[PDB]
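Below: one structure, written as structure tokens.
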Amino acid sequence: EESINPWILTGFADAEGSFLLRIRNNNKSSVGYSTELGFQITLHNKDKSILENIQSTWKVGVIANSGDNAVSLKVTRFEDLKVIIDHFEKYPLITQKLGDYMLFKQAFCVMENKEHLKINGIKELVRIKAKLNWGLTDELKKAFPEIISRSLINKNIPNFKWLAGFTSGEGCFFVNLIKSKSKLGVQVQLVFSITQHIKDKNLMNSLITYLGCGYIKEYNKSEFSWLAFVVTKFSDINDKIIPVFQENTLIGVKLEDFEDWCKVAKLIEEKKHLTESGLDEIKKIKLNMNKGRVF
DNA sequence: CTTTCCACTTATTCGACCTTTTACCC
DNA sequence: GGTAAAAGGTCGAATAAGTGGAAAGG
């Protein structure tokens with residue numbers, strides 16, 4: 001088991017970390033409700049190692065299957081939440097998820113005082129939960145109708161370690177095959193992209209200045225609105241993006257995708273993508289990265 | 001009772017992907 | 001005549017968040 005750099009861990013949490021506050025109907029409870037407070041990450045089986053490493057880094061949490069194709073790390077044992085708070089107090093989140101963390105911290109304090117054992121603290125936890133992630137459930141939105149009433153987070157990228165973490169969840173290393181009527185028949189284009197909910201526009205815009213390259217693609221759709229930070233200029237990929245992740249290590253199978261991407265970059269730098277042979281090799285590498293990778 | 005764990009589900013959030021247009025090069 | 005860069009824009013599933021039930025344990 002390997003230890004994860006704390007800022008890489010925070011970046012990955014900004015991407016995929018999920019805070020939880022269960023407030024459940026419970027007849028065997030003196031107040032009528034029981035609670036469970038925590039932090040979790042659920043991902044594809046192929047990246048179970050990440051969870052194990054996080055588990056090894058913090059020395060907390062339990063790992064369990066999440067259906068047939070996924071696996072989770074869940075931390076809800078109360079004393080162990082202190083580890084999580086100490087971590088994020090030293091290496092804070094910078095996306096809108098910071099808001100959720102804050103609510104989680106609030107909940108922690110309530111439960112630390114054991115106030116969740118009386119009805120007043122249950123009410124307070126419901127008020128906190130109302131602003132957390134998806135907010136109140138329908139059942140809770142019937143038992144507490146008086147509870148109905150979030151400020152934008154705006155924070156800077158702290159360093160490239162954070163970026164390695166975040167890119168491990170929200171980034172994509174892609175080999176694009178531009179098809180035409182040329183004798184070669186295809187233009188090879190490396191693409192780097194990071195994709196994120198439009199509420200974090202400030203952060204996404206800042207990637208352009210932080211990395212010194214790229215541009216934003218905006219998506220305004222019926223099911224979601226988001227931004228892609230994109231780099232397609234080869235000299236920026238080769239001289240800026242690749243060095244960043246060579247010194248700030250990605251986690252998960254995406255590291256392999258990055259390494260394959262770098263192979264193609266080498267071929268493009270040598271102009272071998274302008275030959276049938278090198279082209280065939282590139283197509284071969286592309287075939288087996290991202291969705292094509294075998295585990 | 002209360003906390004913690006473990007099997008399992010929902011519905012999001014787009015990563016990953018391909019096409020088409022525009023910009024620039026020899 | 002080329003190749004490079006950006007823009008345009010889809011969608012299936014791995015996320016993100018949550019749920020049911022019960023053992024563990026104080």
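Protein chains get the first letters and strands the later ones, always in sequence-line order, with residue 1 at the start of each.
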5' to 3', nucleotides 18-26 of chain B under a 4.0 Å protein heavy-atom cut-off (B base, S sugar-phosphate only, - none) gives BBB------
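In this structure, A:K291 places its NZ atom 8 Å from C1' of B:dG15, rounding to the nearest Å. The nearest whole Å value for the distance from the CG atom in A:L140 to the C1' atom in C:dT19 is 12 Å. To the nearest angstrom, P of C:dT15 lies 10 Å from CG of A:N45. Counting to the nearest Å, the P atom of C:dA14 and the CZ atom of A:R293 are 15 Å from each other. Note: CD1 (A:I237) to P (C:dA6) measures 9 Å, nearest angstrom. The distance from atom CG of A:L37 to atom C1' of B:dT3 is 12 Å, rounded to the nearest whole Å. Rounded to whole Å, the distance from CZ on A:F104 to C1' on C:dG18 is 16 Å. Note: CD (A:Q40) to P (C:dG18) measures 8 Å, nearest angstrom.
Proximity of A:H197 to the phosphate of B:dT12: no side-chain N or O atom is located under 4.0 Å from OP1 or OP2.
The stretch residues 81-102 of chain A comes close to DNA chain C through A:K97, each having a heavy atom under 4.0 Å from the strand.
Contacts of A:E256 classified as salt bridge (charged side-chain N to carboxylate O under 4.0 Å, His left out), with partners at least two apart in sequence or in another chain: A:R293.
The list of salt bridge (charged side-chain N to carboxylate O under 4.0 Å, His left out) pairs with a residue in residues 214-230 of chain A, not counting sequence neighbours, is empty.
Side-chain N/O atoms of A:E223 and base N/O atoms of C:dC11 include no donor-acceptor pair closer than 3.5 Å. Looking at A:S66, its side chain comes within 3.5 Å of the base of B:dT9 through a donor and an acceptor atom. A donor and an acceptor atom never sit less than 3.5 Å apart when one is taken from the side chain of A:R24 and the other from the base of C:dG18. The base of C:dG18 is paired with the side chain of A:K74 by a donor and an acceptor separated by under 3.5 Å.
Distances from the side chain of A:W226 to the nucleotides C:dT15, B:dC14, C:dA17 place B:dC14 closest.
Among the atoms of the strands shown, only primed sugar atoms or phosphate atoms (P, OP1, OP2) are found under 4.0 Å from some heavy atom of A:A15.
The side-chain heavy atoms of A:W134 sit in the minor groove, closer than 5.0 Å to at least one minor-groove base atom.
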Compile the donor-acceptor pairs under 3.5 Å between side chains in residues 164-173 of chain A and protein atoms, sequence neighbours left out, one pair per line.
residue, atom, partner, partner atom, Å
A:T167, OG1, A:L163, O, 2.8
A:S168, OG, A:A164, O, 2.8
A:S168, OG, A:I251, N, 3.0

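Judged purely by distance below 3.5 Å, without hydrogens or angles, the side chains of A:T76 and A:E36 pair a donor atom with an acceptor atom.
Of the residues listed (A:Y101, A:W7, A:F108), the one engaging A:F88 in a ring-ring contact (aromatic ring centres under 6.0 Å, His included) is A:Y101, and it is the only one.
Nearest-nucleotide assignment on DNA chain B puts the 5′-proximal partner with A:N65, out of A:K254 and A:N65.
Within the helix from B:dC1-C:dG25 to B:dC25-C:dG1, the inter-axis angle between the opening and closing five-pair segments is 40°, rounded to 10°.
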